[PDB]
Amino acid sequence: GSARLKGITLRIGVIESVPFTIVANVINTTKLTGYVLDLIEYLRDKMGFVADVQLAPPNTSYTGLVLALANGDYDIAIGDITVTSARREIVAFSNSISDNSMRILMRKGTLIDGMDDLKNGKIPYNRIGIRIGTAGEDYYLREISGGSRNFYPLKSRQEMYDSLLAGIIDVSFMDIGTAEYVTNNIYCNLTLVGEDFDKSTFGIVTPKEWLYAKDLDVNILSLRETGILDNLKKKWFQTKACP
């Protein structure tokens, strides 16, 4: 059957990723803001659930978040979470909240023209940094290395940026939204190269055969139709600090 989320408490898993989910230390506690938190508020206001927002532990991967939900740790998870076939085997996803694709990230001045350089072996595989438990890893294993885990593994975006800046790796992969955001606002010495790749979608993770699937989907689609999702994207992503 189906039912409405009105009155229900949802444990909502979120994962740090600026400007989707921004974690600020304050004194001492944490305050969450961002596209995701604003989305939650639009859904809460319309649907009437009580939002119990739970930030995933540091270094949790995207796959880890999904598995945690599947094991009953959260009721739903909201973020820049790519819909993939392996994930869909164990959880369901809402209608898409955003289109997505990936970009190559590198230091400015690095002699890389695009994905051909990665696939032709111009870069040593152990100098391609890949965050384990991400769709980027899925792409890498499918399209670059033929199943071999021969990349430089990364535990977080922060390790990615630090390793690029330190010259420990030469490239990595990011989703296009955050890729643009961080290269235009935080790391002025990092840049994007090549064509975008792996066109995909982000969706809200839910349990398989969830009682509340229809309620959530109708509401997401209504936010899409009425321009709210576009408004939130502009609010959080249309900024550029770097000169």
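Quick note: we count residues from 1 along the sequence shown, nothing fancier.
Judged by the one-third criterion across other entries of this protein, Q54, modelled here, is also modelled in every one of those that cover both its neighbours. In at least one third of the other compared structures of this protein with flanking residues present, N28 is left unmodelled. Unmodelled residues of the deposited sequence between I27 and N28: 4 to 9.
As listed in the deposited structure, the average C-alpha B-factor of 78-86 and of 164-172 is greater for 164-172. 60-68 and 180-188 differ in mean CA B-factor, and the higher of the two is recorded for 180-188. Among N95, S101, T134, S156, the highest C-alpha B-factor recorded in the PDB entry belongs to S156. Per-chain ranking of the deposited C-alpha B factor places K214 in the lowest third. The entry lists a Cα temperature factor for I144 that places it in the middle third of the chain's modelled residues. The entry lists a Cα temperature factor for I130 that places it in the lowest third of the chain's modelled residues. Compared with the other modelled residues of the chain, the Cα B-factor recorded for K208 ranks in the middle third. Sort the modelled residues of the chain by CA B factor and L111 lands in the highest third.
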